[PDB]
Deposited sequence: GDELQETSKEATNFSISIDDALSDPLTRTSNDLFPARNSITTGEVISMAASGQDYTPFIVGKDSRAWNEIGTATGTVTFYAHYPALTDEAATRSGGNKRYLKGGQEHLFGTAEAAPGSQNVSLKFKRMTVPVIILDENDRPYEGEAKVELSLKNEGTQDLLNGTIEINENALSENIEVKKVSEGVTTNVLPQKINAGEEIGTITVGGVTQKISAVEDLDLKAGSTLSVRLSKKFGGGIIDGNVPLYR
């Protein structure tokens, strides 16, 4: 039975069959020592907490904690670009450590070359999506403003040291949301399938000449 407790950054449990954005980008890698989170025990205002440095006083049975990363500056207005994470924990008072299981509420975007390797090159990759929404401060959920206009968002490469995150929204199959510009020449990049993006989702931009003229599709029925 400890007086104060420390915080550790863990990930929410992923789909056994599908990779989550937490599988691709652990919460530990974003929320490192010295990073500030907004934390609260159920029914308390969010207060800043410095990860790997701060401790909090244990002042029944089990306590539920809630955390936002980055720290907060009810619901709030939000924009895309910077990732937004929401964590929860259930701990017993007196525990030395409290493990927050984070979930990424925004959607990271990765650029891959033809061989699924991370793209490094001079081409500019942009997406035209809704970039304004509302976040629920109690459960972390982001919902796009349906009245919002689609905006051009540039997608960053791994060498840029920041991952472009978009707000959760539905992308329709064949929706021409993307563009690739290389030497003042633009080409379209579209979704092949319907993507109803949510917390834990990842978006991949796959560059190639494989579908230059169009696509091959088909059905596989079964006769009786």
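> Give me the ranges of the deposited sequence that have no CA atoms here, in sequence order.
Residues missing from the model, as numbered along the full deposited sequence, span 1 to 9, 69 to 73, 88 to 96.
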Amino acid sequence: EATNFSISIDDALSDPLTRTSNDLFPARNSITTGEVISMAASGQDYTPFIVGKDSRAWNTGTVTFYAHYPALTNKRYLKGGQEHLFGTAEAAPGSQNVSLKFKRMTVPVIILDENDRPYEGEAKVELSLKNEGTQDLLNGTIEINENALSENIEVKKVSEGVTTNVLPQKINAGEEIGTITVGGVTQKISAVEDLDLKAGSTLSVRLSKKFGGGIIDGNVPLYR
From here on, numbers count along this sequence of modelled residues.
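> Averaging CA B factors per stretch from the PDB record, which one is higher: 92 to 100 or 126 to 134?
Going by the record's values, the stretch with the higher mean is 92 to 100.
> Mean CA B-factor: is it higher for 200 to 208 or for 8 to 16?
Of 8 to 16 and 200 to 208, the stretch with the higher C-alpha B-factor average is 8 to 16.
> Highest Cα B-factor in the deposition, which of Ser190, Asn29, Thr60, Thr164?
Comparing C-alpha B-factors across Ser190, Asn29, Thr60, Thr164, the maximum falls on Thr60.
> Going by the CA temperature factor in the entry, name the top one among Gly178, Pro168, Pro70, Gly43.
Of the options given, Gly43 has the highest CA B-factor in the PDB entry.
> Quick check for you: using the entry's CA B-factors within this chain, is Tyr77 in the lowest, middle or highest third?
Within its chain, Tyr77 is a highest-third residue by C-alpha B-factor, going by the deposited values.
> Within this chain, which third does the Cα B-factor at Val158 fall in: lowest, middle or highest?
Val158: CA B-factor falls in the middle third of its chain.
> By its CA B factor, does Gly121 count among the lowest, middle or highest third of the modelled residues in the chain?
Highest third, going by the recorded CA B-factors of the chain.
> Classify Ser150 as lowest, middle or highest third according to the C-alpha B-factor given in the PDB entry, relative to its own chain.
CA B-factor rank for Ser150: highest third.
> Which third, lowest, middle or highest, does the C-alpha temperature factor of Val36 belong to within its own chain?
Tercile = middle for this residue's CA B-factor.
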